[PDB]
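The figures here come from the full heavy-atom set of this structure, side chains too, leaving out hydrogens, waters and symmetry mates. All chains are named by letter (A, B, ...) in the order of the sequence lines, taking the proteins before the strands, and each is independently numbered beginning at 1.
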Amino acid sequence: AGXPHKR
Amino acid sequence: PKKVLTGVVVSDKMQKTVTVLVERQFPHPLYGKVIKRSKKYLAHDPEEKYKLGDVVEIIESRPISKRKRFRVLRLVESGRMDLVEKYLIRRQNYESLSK
Amino acid sequence: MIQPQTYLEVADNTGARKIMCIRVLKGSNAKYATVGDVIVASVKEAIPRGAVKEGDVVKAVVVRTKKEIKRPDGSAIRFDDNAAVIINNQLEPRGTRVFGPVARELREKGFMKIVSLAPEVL
Amino acid sequence: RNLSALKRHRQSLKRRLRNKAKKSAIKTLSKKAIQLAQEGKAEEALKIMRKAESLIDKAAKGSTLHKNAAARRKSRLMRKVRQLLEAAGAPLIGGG
Amino acid sequence: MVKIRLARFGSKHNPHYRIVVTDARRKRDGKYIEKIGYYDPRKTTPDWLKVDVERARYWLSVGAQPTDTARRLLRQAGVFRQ
RNA sequence: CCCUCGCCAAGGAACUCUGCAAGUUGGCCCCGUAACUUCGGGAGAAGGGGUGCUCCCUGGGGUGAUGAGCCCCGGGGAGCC
RNA sequence: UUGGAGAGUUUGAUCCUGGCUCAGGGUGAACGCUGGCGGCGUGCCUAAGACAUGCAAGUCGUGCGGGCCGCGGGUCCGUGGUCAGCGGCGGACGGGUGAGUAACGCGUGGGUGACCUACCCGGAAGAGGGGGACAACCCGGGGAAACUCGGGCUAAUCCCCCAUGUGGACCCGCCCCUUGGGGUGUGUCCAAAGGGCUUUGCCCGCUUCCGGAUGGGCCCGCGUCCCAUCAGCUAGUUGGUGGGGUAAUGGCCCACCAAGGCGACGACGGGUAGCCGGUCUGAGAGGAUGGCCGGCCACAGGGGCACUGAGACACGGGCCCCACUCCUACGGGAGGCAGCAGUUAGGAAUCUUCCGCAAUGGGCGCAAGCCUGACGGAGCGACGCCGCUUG
RNA sequence: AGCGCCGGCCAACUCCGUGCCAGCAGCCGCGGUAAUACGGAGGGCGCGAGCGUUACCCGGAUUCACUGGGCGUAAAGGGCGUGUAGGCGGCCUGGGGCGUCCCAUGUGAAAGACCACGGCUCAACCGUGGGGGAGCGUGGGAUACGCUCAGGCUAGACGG
RNA sequence: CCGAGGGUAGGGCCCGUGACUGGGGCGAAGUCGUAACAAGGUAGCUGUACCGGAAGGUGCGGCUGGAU
Ligand SMILES: [Mg+2]
Ligand SMILES: [Mg+2]
Ligand SMILES: [Mg+2]
Ligand SMILES: [Mg+2]
Ligand SMILES: [Mg+2]
Ligand SMILES: [Mg+2]
Ligand SMILES: [Mg+2]
Ligand SMILES: [Mg+2]
Ligand SMILES: [Mg+2]
Ligand SMILES: [Mg+2]
Ligand SMILES: [Mg+2]
Ligand SMILES: [Mg+2]
Ligand SMILES: [Mg+2]
Ligand SMILES: [Mg+2]
Ligand SMILES: [Mg+2]
Ligand SMILES: [Mg+2]
Ligand SMILES: [Mg+2]
Ligand SMILES: [Mg+2]
Ligand SMILES: [Mg+2]
Ligand SMILES: [Mg+2]
Ligand SMILES: [Mg+2]
Ligand SMILES: [Mg+2]
Ligand SMILES: [Mg+2]
Ligand SMILES: [Mg+2]
Ligand SMILES: [Mg+2]
Ligand SMILES: [Mg+2]
Ligand SMILES: [Mg+2]
Ligand SMILES: [Mg+2]
Ligand SMILES: [Mg+2]
Ligand SMILES: [Mg+2]
Ligand SMILES: [Mg+2]
Ligand SMILES: [Mg+2]
Ligand SMILES: [Mg+2]
Ligand SMILES: [Mg+2]
Ligand SMILES: [Mg+2]
Ligand SMILES: [Mg+2]
Ligand SMILES: [Mg+2]
Ligand SMILES: [Mg+2]
Ligand SMILES: [Mg+2]
Ligand SMILES: [Mg+2]
Ligand SMILES: [Mg+2]
Ligand SMILES: [Mg+2]
Ligand SMILES: [Mg+2]
Ligand SMILES: [Mg+2]
Ligand SMILES: [Mg+2]
Ligand SMILES: [Mg+2]
Ligand SMILES: [Mg+2]
Ligand SMILES: [Mg+2]
Ligand SMILES: [Mg+2]
Ligand SMILES: [Mg+2]
Ligand SMILES: [Mg+2]
Ligand SMILES: [Mg+2]
Ligand SMILES: [Mg+2]
Ligand SMILES: [Mg+2]
Ligand SMILES: [Mg+2]
Ligand SMILES: [Mg+2]
Ligand SMILES: [Mg+2]
Ligand SMILES: [Mg+2]
Ligand SMILES: [Mg+2]
Ligand SMILES: [Mg+2]
Ligand SMILES: [Mg+2]
Ligand SMILES: [Mg+2]
Ligand SMILES: [Mg+2]
Ligand SMILES: [Mg+2]
Ligand SMILES: [Mg+2]
Ligand SMILES: [Mg+2]
Ligand SMILES: [Mg+2]
Ligand SMILES: [Mg+2]
Ligand SMILES: [Mg+2]
Ligand SMILES: [Mg+2]
Ligand SMILES: [Mg+2]
Ligand SMILES: [Mg+2]
Ligand SMILES: [Mg+2]
Ligand SMILES: [Mg+2]
Ligand SMILES: [Mg+2]
Ligand SMILES: [Mg+2]
Ligand SMILES: [Mg+2]
Ligand SMILES: [Mg+2]
Ligand SMILES: [Mg+2]
Ligand SMILES: [Mg+2]
Ligand SMILES: [Mg+2]
Ligand SMILES: [Mg+2]
Ligand SMILES: [Mg+2]
Ligand SMILES: [Mg+2]
Ligand SMILES: [Mg+2]
Ligand SMILES: [Mg+2]
Ligand SMILES: [Mg+2]
Ligand SMILES: [Mg+2]
Ligand SMILES: [Mg+2]
Ligand SMILES: [Mg+2]
Ligand SMILES: [Mg+2]
Ligand SMILES: [Mg+2]
Ligand SMILES: [Mg+2]
Ligand SMILES: [Mg+2]
Ligand SMILES: [Mg+2]
Ligand SMILES: [Mg+2]
Ligand SMILES: [Mg+2]
Ligand SMILES: [Mg+2]
Ligand SMILES: [Mg+2]
Ligand SMILES: [Mg+2]
Ligand SMILES: [Mg+2]
Ligand SMILES: [Mg+2]
Ligand SMILES: [Mg+2]
Ligand SMILES: [Mg+2]
Ligand SMILES: [Mg+2]
Ligand SMILES: [Mg+2]
Ligand SMILES: [Mg+2]
Ligand SMILES: [Mg+2]
Ligand SMILES: [Mg+2]
Ligand SMILES: [Mg+2]
Ligand SMILES: [Mg+2]
Ligand SMILES: [Mg+2]
Ligand SMILES: [Mg+2]
Ligand SMILES: [Mg+2]
Ligand SMILES: [Mg+2]
Ligand SMILES: [Mg+2]
Ligand SMILES: [Mg+2]
Ligand SMILES: [Mg+2]
Ligand SMILES: [Mg+2]
Ligand SMILES: [Mg+2]
Ligand SMILES: [Mg+2]
Ligand SMILES: [Mg+2]
Ligand SMILES: [Mg+2]
Ligand SMILES: [Mg+2]
Ligand SMILES: [Mg+2]
Ligand SMILES: [Mg+2]
Ligand SMILES: [Mg+2]
Ligand SMILES: [Mg+2]
Ligand SMILES: [Mg+2]
Ligand SMILES: [Mg+2]
Ligand SMILES: [Mg+2]
Ligand SMILES: [Mg+2]
Ligand SMILES: [Mg+2]
Ligand SMILES: [Mg+2]
Ligand SMILES: [Mg+2]
Ligand SMILES: [Mg+2]
Ligand SMILES: [Mg+2]
Ligand SMILES: [Mg+2]
Ligand SMILES: [Mg+2]
Ligand SMILES: [Mg+2]
Ligand SMILES: [Mg+2]
Ligand SMILES: [Mg+2]
Ligand SMILES: [Mg+2]
Ligand SMILES: [Mg+2]
Ligand SMILES: [Mg+2]
Ligand SMILES: [Mg+2]
Ligand SMILES: [Mg+2]
Ligand SMILES: [Mg+2]
Ligand SMILES: [Mg+2]
Ligand SMILES: [Mg+2]
Ligand SMILES: [Mg+2]
Ligand SMILES: [Mg+2]
Ligand SMILES: [Mg+2]
Ligand SMILES: [Mg+2]
Ligand SMILES: [Mg+2]
Ligand SMILES: [Mg+2]
Ligand SMILES: [Mg+2]
Ligand SMILES: [Mg+2]
Ligand SMILES: [Mg+2]
Ligand SMILES: [Mg+2]
Ligand SMILES: [Mg+2]
Ligand SMILES: [Mg+2]
Ligand SMILES: [Mg+2]
Ligand SMILES: [Mg+2]
Ligand SMILES: [Mg+2]
Ligand SMILES: [Mg+2]
Ligand SMILES: [Mg+2]
Ligand SMILES: [Mg+2]
Ligand SMILES: [Mg+2]
Ligand SMILES: [Mg+2]
Ligand SMILES: [Mg+2]
Ligand SMILES: [Mg+2]
Ligand SMILES: [Mg+2]
Ligand SMILES: [Mg+2]
Ligand SMILES: [Mg+2]
Ligand SMILES: [Mg+2]
Ligand SMILES: [Mg+2]
Ligand SMILES: [Mg+2]
């Protein structure tokens with residue numbers, strides 16, 4: 001939850 | 001009256017403190033049999049005069065530290081390392097109880 | 001200067017967090033979207049149990065940009081992120097709150113609801 | 001929508017500043033006196049220490065300090081002064 | 001302060017009080033310190049009032065405060081007789 | 001215009017057969033590290049914190065003498081840009 | 001010795017074993033069909049979901065100074081009110097709720113030589129001299145508002161210094177005791193506030209101190225559910241020293257040193273649950289349960305925090321963060337029903353936006369009195385028990 | 001004046017309609033053309049401003065068995081040893097007094113429950129009084145049994 | 001300094017759901033064979049192993065809860 005995540 | 005208990009000393013490995021192992025007997029509330037139950041108290045030994053195997057009396061008192069709420073009141077017996085072995089064998093048997 | 005692939009924070013409580021612009025709804029072939037321009041977006045990150053969820057194709061209006069927008073009075077304004085507000089086909093916001101400041105350009109562009117819900121209009 | 005709670009809130013602030021100011025001085029002069037006691041500076045320490053003691057018990061007159069708090073704070077002040085001056089010279093004046 | 005007052009028992013439309021010592025901050029029908037007598041205001045029985053008087057004076061001596069309508073039922077029981 | 005090189009607003013793979021190329025990361029110290037496994041590993045997984053200079057206090061070693069000097073490995077405290 | 005009933009069903013039939021099932025009592029119930037009256041009870045068990053509107057905590061002019069207003073005159077006093085302000089006391093009670101909590105939380109018995117207690121009671125002593133501030137008010141910007149900023153005046157039980165020291169507090173001595181208990185001596189430090197009448201005196205208040213009483217805090221023994229298909233847990237962890245902190249003990253908190261502490265007598269973990277007096281059942285032993293009433297605990301939209309204070313880390317007080325809702329004149333601001341009614345959502349399902357302070361009780365006050373959705377009553381509902389009718 | 005019910009358990013039976021249909025049902029079971037078991041009717045049983053149903057608790061359930069159960073073949077002896085903790089442990093004498101027993105004493109709030117009396121015309125509800133236990137604190141006592149400590153024995157056990 | 005919480009990164013537990021897949025239970029009158037109950041027509045059961053549409057068969061060892 002930045003910023004893109006992995007999940 | 002400040003509660004007074006009696007027990008052996010199972011640990012001397014602390015500064016100004018010994019572990020006193022008190023036991024008590026009572027009948028089972030439902031099955032009537034008389035059963036044993038024990039409890040360790042961290043007692044105050046400020047003169048560091050008490051050692052392993054000593055059967056001593058402890059008295060309820062104001063808190064010395066967390067967990068430390070009894071003072072050693074008087075010696076009773078000495079050299080009861082036979083009871084200390086019973087305690088240590090049990091704690092030792094716990095290694096055979098894991099997985 | 002938002003274009004397809006651009007990520008944007010959502011400055012509302014619709015449950016979305018990050019959207020990626022997939023179209024600039026401005027004529028046949030607009031290269032960029034600035035403040036006040038509507039985009040089409042995929043919802044790339046949402047919080048659980050929201051109005052929108054990850055994978056929704058939503059519309060949103062750009063409410064502030066990291067590219068400074070210039071003003072006829074010779075001044076400019078710039079923000080620390082690109083943010084947008086999720087809307088419906090009637091240009092109304094789909095949430096009840098908007099977070100952070102928005103650019104006054106929204107008022108003249110026809111987004112009176114958002115401007116009111118904005119804590120600051122710069 | 002109202003109350004005399006608004007008033008009791010205004011008063012709480014006035015007494016907050018009144019309490020804070022007293023405790024500030026109590027802390028200042030005590031460290032001041034203890035600092036001299038370490039240097040000793042025996043006379044100057046005790047002359048300050050009295051003004052500390054005076055302000056302490058002056059706080060226990062109202063709601064700033066409880067009696068046993070003043071007593072506790074006084075007990076440790078004189079207790080620290082003597083043991084520092086014992087690494088030096090005679091107390092000369094008073095408070096002992 | 002500790003007080004001496006009426007803790008209404010009984011039922012609806014059937015008042016029956018106990019003259020009792022309790023803390024003023026205790027609730028009306030709450031845990032009292034000691035019972036010093038009962039009182040039937042409706043006078044439905046030969047003895048609708050009763051006070052220990054010996055105890056009612058102990059608590060009185062140590063600082064208990066009666067109510068205004070409890071002061072009467074101790075007066076009417078002669079707690080104050082000099 | 002070509003080669004080799006430097007930087008670039010906003011965006012950030014949308015380029016393209018392919019992130020090709022080039023960015024990114026990067027040494028040491030410390031913390032910490034998953035599936036799974038043949039129990040060795042996977043592992044530098046991942047991820048993170050530290051890194052300069054000044055002053056003060058201090059532990060151990062080599063040499064020598066046990067000391068000074070010289071040399072090596074450290075620990076704590078307060079600061080400066 | 002006041003207390004103990006059993007039956008159906010496996011077979012062609014039998015005895016046994018064994019499960020299933022029924023007759024009983026119970027409920028904060030709900031649902032169907034039905035319904036006349038009264039009494040005493042009792043009624044959101046689900047979303048501790050979300051809430052429109054009124055109300056649920058104020059009071060004292062016998063502490064102080066004013067603005068207004070009427071009352072008796074000389075714009076001077078007195079007076080009655082009235083409105084905020086300053087200053088007291090109350091708002092920490094009472095009322096709601098059961099989310100959290102398997103805990104010294106509760107229960108039960110104890111410890112405090114380790115402690116506190118406003119108003120009350122009892123005994124002792126005292127209230128003597130000076131000074132000062134801030135609101136109200138006057139003046140000036142801002143705003144739709146909430147509302148606030150600035151400058152200047154002033155009183156008091158408001159703040160401060162000095163004096164007095166019955167006394168009390170502190171350090172160091174010695175005495176008794178024996179964890180910080182009670183003495184004592186030198187040094188050191190700490191008091192106050194006045195108002196109202198009927199005035200060589202009373203009354204309400206003030207001040208330091210001792211004791212009582214009451215309400216608390218803290219500590220310990222024993223007790224307190226399910227899962228071992230949770231078996232190992234622990235770095236402030238366990239002890240020590242010094243110090244901070246508090247009314248007070250304590251790793252409660254910090255520095256350092258020691259390497260300890262706990263666990264099959266179930267640690268750690270997971271699940272569920274507020275606990276009790278009691279309630280239901282039962283021959284008892286036991287089982288099940290903890291709504292209404294009483295006691296204790298916990299929470300006050302979700303969290304963190306302290307302030308004021310005898311007492312709160314405070315439901316209708318304050319600060320900050322979050323989620324939500326709201327008004328707005330679009331610049332900006334507000335809110336916290338698990339108080340009493342009431343709305344909506346959820347649900348099989350659970351009430352009147354009633355009356356009154358007359359009574360009991362509480363806050364304030366010299367008192368009259370004021371406030372009191374606590375409370376006393378009324379309302380709705382066969383929800384329950386009891387009584388009564390349709391002869 | 002209503003509601004349930006009338007096969008057995010379980011108190012209350014006949015007629016018609018239906019024909020493994022429609023339906024009933026807590027368990028066993030009813031309905032296939034003569035159904036006291038389905039549906040209606042008459043009659044009957046039981047309660048009565050209630051009567052039934054669903055849900056849940058205890059009871060029957062001696063079916064978690066302390067009171068108060070079992071394990072050859074019904075469900076149930078570990079495949080067998082060895083042994084840790086633990087549980088249990090022979091005859092005699094003495095010390096202590098922990099368990100255990102006795103007496104006194106403090107606590108065990110009110111309410112509730114229970115007995116007595118009384119107040120609302122009775123009752124429910126409500127008031128007054130009486131009776132207390134267990135558990136735990138303290139003080140005193142008893143010592144058979146269990147425990148501990150000390151001393152002796154040889155019948156268990158081990159050894160030659 | 002601590003600090004609600006926000007953020008980055010990586011673990012553990014639990015619940016729901018998932019193309020497809022595995023068996024299980026139940027279901028008046030389906031298809032295949034007849035394994036078991038009689039010596040059930042190869043005594044049965046059994047642990048294991050291998051095989052076979054299916055019950056099952058066979059091997060090794062065990063049991064009688066096996067007929068005569
Ligand atoms: Mg957001
Ligand atoms: Mg979601
Ligand atoms: Mg996705
Ligand atoms: Mg929106
Ligand atoms: Mg934002
Ligand atoms: Mg706006
Ligand atoms: Mg300072
Ligand atoms: Mg004080
Ligand atoms: Mg009535
Ligand atoms: Mg109270
Ligand atoms: Mg450059
Ligand atoms: Mg660029
Ligand atoms: Mg850039
Ligand atoms: Mg990218
Ligand atoms: Mg990027
Ligand atoms: Mg690509
Ligand atoms: Mg290209
Ligand atoms: Mg392409
Ligand atoms: Mg492509
Ligand atoms: Mg290629
Ligand atoms: Mg490459
Ligand atoms: Mg590079
Ligand atoms: Mg590099
Ligand atoms: Mg590289
Ligand atoms: Mg992984
Ligand atoms: Mg992997
Ligand atoms: Mg490995
Ligand atoms: Mg490894
Ligand atoms: Mg791999
Ligand atoms: Mg490695
Ligand atoms: Mg790395
Ligand atoms: Mg490594
Ligand atoms: Mg790094
Ligand atoms: Mg430099
Ligand atoms: Mg060195
Ligand atoms: Mg050296
Ligand atoms: Mg060399
Ligand atoms: Mg050498
Ligand atoms: Mg050297
Ligand atoms: Mg029976
Ligand atoms: Mg039978
Ligand atoms: Mg049958
Ligand atoms: Mg059979
Ligand atoms: Mg049969
Ligand atoms: Mg047969
Ligand atoms: Mg037959
Ligand atoms: Mg039978
Ligand atoms: Mg049976
Ligand atoms: Mg049977
Ligand atoms: Mg029943
Ligand atoms: Mg009904
Ligand atoms: Mg009633
Ligand atoms: Mg009623
Ligand atoms: Mg509700
Ligand atoms: Mg309930
Ligand atoms: Mg509830
Ligand atoms: Mg919801
Ligand atoms: Mg809602
Ligand atoms: Mg009102
Ligand atoms: Mg005043
Ligand atoms: Mg006023
Ligand atoms: Mg309360
Ligand atoms: Mg209530
Ligand atoms: Mg309520
Ligand atoms: Mg209640
Ligand atoms: Mg709860
Ligand atoms: Mg738990
Ligand atoms: Mg546990
Ligand atoms: Mg506990
Ligand atoms: Mg306790
Ligand atoms: Mg207690
Ligand atoms: Mg107060
Ligand atoms: Mg008073
Ligand atoms: Mg003056
Ligand atoms: Mg002045
Ligand atoms: Mg001003
Ligand atoms: Mg303004
Ligand atoms: Mg103004
Ligand atoms: Mg001023
Ligand atoms: Mg003396
Ligand atoms: Mg003075
Ligand atoms: Mg004075
Ligand atoms: Mg405790
Ligand atoms: Mg316990
Ligand atoms: Mg200490
Ligand atoms: Mg700690
Ligand atoms: Mg530390
Ligand atoms: Mg250490
Ligand atoms: Mg234990
Ligand atoms: Mg839970
Ligand atoms: Mg619950
Ligand atoms: Mg709970
Ligand atoms: Mg029974
Ligand atoms: Mg009974
Ligand atoms: Mg329970
Ligand atoms: Mg309750
Ligand atoms: Mg109620
Ligand atoms: Mg209750
Ligand atoms: Mg909270
Ligand atoms: Mg709420
Ligand atoms: Mg809040
Ligand atoms: Mg909260
Ligand atoms: Mg204070
Ligand atoms: Mg609280
Ligand atoms: Mg409050
Ligand atoms: Mg608060
Ligand atoms: Mg509220
Ligand atoms: Mg504010
Ligand atoms: Mg404006
Ligand atoms: Mg605003
Ligand atoms: Mg602003
Ligand atoms: Mg503001
Ligand atoms: Mg606010
Ligand atoms: Mg607020
Ligand atoms: Mg309400
Ligand atoms: Mg309602
Ligand atoms: Mg509704
Ligand atoms: Mg509904
Ligand atoms: Mg009601
Ligand atoms: Mg009243
Ligand atoms: Mg009262
Ligand atoms: Mg009154
Ligand atoms: Mg009064
Ligand atoms: Mg009012
Ligand atoms: Mg009212
Ligand atoms: Mg009421
Ligand atoms: Mg109802
Ligand atoms: Mg009725
Ligand atoms: Mg019946
Ligand atoms: Mg028959
Ligand atoms: Mg029957
Ligand atoms: Mg019959
Ligand atoms: Mg036919
Ligand atoms: Mg038909
Ligand atoms: Mg039937
Ligand atoms: Mg039935
Ligand atoms: Mg026919
Ligand atoms: Mg027929
Ligand atoms: Mg026939
Ligand atoms: Mg028939
Ligand atoms: Mg029948
Ligand atoms: Mg029939
Ligand atoms: Mg009736
Ligand atoms: Mg019923
Ligand atoms: Mg029975
Ligand atoms: Mg039973
Ligand atoms: Mg049962
Ligand atoms: Mg059973
Ligand atoms: Mg069974
Ligand atoms: Mg038995
Ligand atoms: Mg049996
Ligand atoms: Mg065998
Ligand atoms: Mg085995
Ligand atoms: Mg053994
Ligand atoms: Mg034994
Ligand atoms: Mg024996
Ligand atoms: Mg004994
Ligand atoms: Mg009782
Ligand atoms: Mg009796
Ligand atoms: Mg009893
Ligand atoms: Mg006893
Ligand atoms: Mg004794
Ligand atoms: Mg930090
Ligand atoms: Mg943190
Ligand atoms: Mg965090
Ligand atoms: Mg944050
Ligand atoms: Mg995870
Ligand atoms: Mg399948
Ligand atoms: Mg066929
Ligand atoms: Mg065959
Ligand atoms: Mg054959
Ligand atoms: Mg055969
Ligand atoms: Mg065969
Ligand atoms: Mg075989
Ligand atoms: Mg074959
Ligand atoms: Mg064979
Ligand atoms: Mg064999
Ligand atoms: Mg044979």
Open item on the list: Salt bridge or not between E/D23 and E/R25? Use side-chain N to carboxylate O under 4.0 Å.
Closed with: yes
Open item on the list: Working to the nearest 0.5 angstrom, can you tell me the gap between C/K109 NZ and C/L106 CG?
Closed with: 8.0 Å
Task: Check: C/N88 side chain, C/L91 main-chain N or O, donor-acceptor pair, under 3.5 Å - done: yes
TODO: Flag the pair D/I48 / D/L36 as yes when at least one side-chain heavy-atom distance between them is below 4.5 Å, and no otherwise.
DONE: yes
Task: Side-chain ion pair, C/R78 and C/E68, N-O less than 4.0 Å - done: yes
Task: Nearest heavy atoms of C/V35 and C/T65, plus distance in Å - done: CG2-CG2, 3.8 Å
Task: Cation-pi check, B/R90 onto B/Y87 ring (under 6.0 Å, within 45° of axis) - done: no
- [ ] Would you sort out whether E/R71 and E/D68 count as a salt bridge (charged side-chain N to carboxylate O under 4.0 Å, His left out), showing the intermediate values?
- [x] CA-CA 5 Å; E/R71 189 177 295 264; E/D68 279 359; 5.0 Å; no
Open item on the list: Check this for me, if you would: do E/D47 and E/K50 make a salt bridge, where the nitrogen-to-carboxylate-oxygen distance has to be below 4.0 angstrom?
Closed with: no
Open item on the list: Can you tell me which residue among C/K18, C/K67, C/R64 is in a salt bridge (charged side-chain N to carboxylate O under 4.0 Å, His left out) with C/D81?
Closed with: C/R64
Open item on the list: Quick check on C/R49: does its CZ atom have over 12 non-hydrogen neighbours (other residues, nucleotides or ligands) under 6.0 Å away?
Closed with: no
Task: Polar side-chain atom of E/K43 near backbone of E/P41 as donor-acceptor pair, under 3.5 Å - done: yes
TODO: Check step by step if side-chain contact (heavy atoms from CB on, under 4.5 Å) holds for E/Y38 and E/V20.
DONE: CA-CA 8 Å; E/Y38 61 87; E/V20 93; over 6 Å; no
TODO: Determine the minimum heavy-atom distance between C/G95 and C/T14, stating which atoms define it.
DONE: N-CG2, 3.4 Å
TODO: Working to the nearest 0.5 Å, report the span between CD1 of E/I19 and CD of E/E34.
DONE: 13.0 Å
Open item on the list: Any side-chain to backbone donor/acceptor pair from E/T67 onto E/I4? Under 3.5 Å, distance only.
Closed with: yes
TODO: Determine the minimum heavy-atom distance between E/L74 and E/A56, stating which atoms define it.
DONE: CD2-CB, 4.0 Å
- [ ] Applying salt bridge (charged side-chain N to carboxylate O under 4.0 Å, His left out), run through E/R8 and E/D29 and close with a yes or a no.
- [x] CA-CA 7 Å; E/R8 182 187 195 283; E/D29 305 346; over 6 Å; no
Open item on the list: Any side-chain to backbone donor/acceptor pair from B/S61 onto B/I59? Under 3.5 Å, distance only.
Closed with: yes
Task: Full working for side-chain contact (heavy atoms from CB on, under 4.5 Å) between C/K31 and C/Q3 - done: CA-CA 6 Å; C/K31 292 189 201 293; C/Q3 72 176 55; over 6 Å; no
- [ ] First locate atom OG of D/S63, then atom NZ of D/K22, and finally report the distance between them rounded to the nearest 0.5 Å.
- [x] 9.5 Å
- [ ] Measure from the side-chain N and O atoms of E/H13 to the backbone N and O of E/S11, and report whether any donor-acceptor pair falls under 3.5 Å.
- [x] no
- [ ] Test E/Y32 against every option in E/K3, E/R18, E/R5 by the side-chain hydrogen bond (donor to acceptor under 3.5 Å, both in side chains) rule and name the one that passes.
- [x] E/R18
- [ ] Examine distances only and state if a side-chain atom of B/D54 and a backbone atom of B/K51 form a donor-acceptor pair shorter than 3.5 Å.
- [x] yes
TODO: Grab the two heavy atoms, one from B/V72 and one from B/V18, that are nearest each other, plus how far apart they are.
DONE: CG2-CG2, 4.2 Å
TODO: With rounding to the nearest 0.5 Å, note down the distance linking OG1 in B/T6 to CD1 in B/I58.
DONE: 8.0 Å
Task: Polar side-chain atom of D/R82 near backbone of D/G96 as donor-acceptor pair, under 3.5 Å - done: yes
- [ ] Look only at the side chain of B/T17 and the backbone of B/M14, and say whether a donor-acceptor pair between them is shorter than 3.5 Å.
- [x] no
Task: Main-chain N/O of C/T6 paired to C/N82 side chain as donor or acceptor, under 3.5 Å - done: no
Task: D/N19 vs D/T64, side-chain hydrogen bond (donor to acceptor under 3.5 Å, both in side chains): CA-CA, chis, key distance, verdict - done: CA-CA 5 Å; D/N19 291 327; D/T64 282; 2.3 Å; yes
Open item on the list: If we count only N and O atoms by modelled type, under 3.5 Å, do the side chains of B/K16 and B/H44 hold a donor and an acceptor together?
Closed with: no
Open item on the list: Check this for me: does any side-chain nitrogen of one of B/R80 and B/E77 sit under 4.0 Å from a carboxylate oxygen of the other?
Closed with: yes
- [ ] Report the distance from atom OG1 of E/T22 to atom NZ of E/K35, rounding to the nearest 0.5 Å.
- [x] 14.5 Å
Open item on the list: Are B/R37 and B/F26 packed together at the side-chain level, in the sense that at least one heavy-atom pair is separated by less than 4.5 angstrom?
Closed with: yes
Task: Charged N-O contact under 4.0 Å between D/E44 and D/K47 - done: no
- [ ] Run the salt-bridge test on B/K36 and B/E23 with the 4.0 Å N-O cut-off and return the result as yes or no.
- [x] no
TODO: Return the orientation label for the B/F70 and B/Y41 ring planes: parallel under 30°, perpendicular over 60°, tilted otherwise.
DONE: parallel
TODO: Kindly compute the distance separating NZ (B/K49) from CD (B/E47), expressed to the nearest 0.5 Å.
DONE: 5.0 Å
Task: Minimum-distance pair of heavy atoms, taken over all atoms of C/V58 and C/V43 - done: CG1-CG2, 3.7 Å
Task: Under 3.5 Å: donor-acceptor pair, side chain of C/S75, backbone of C/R71 - done: no
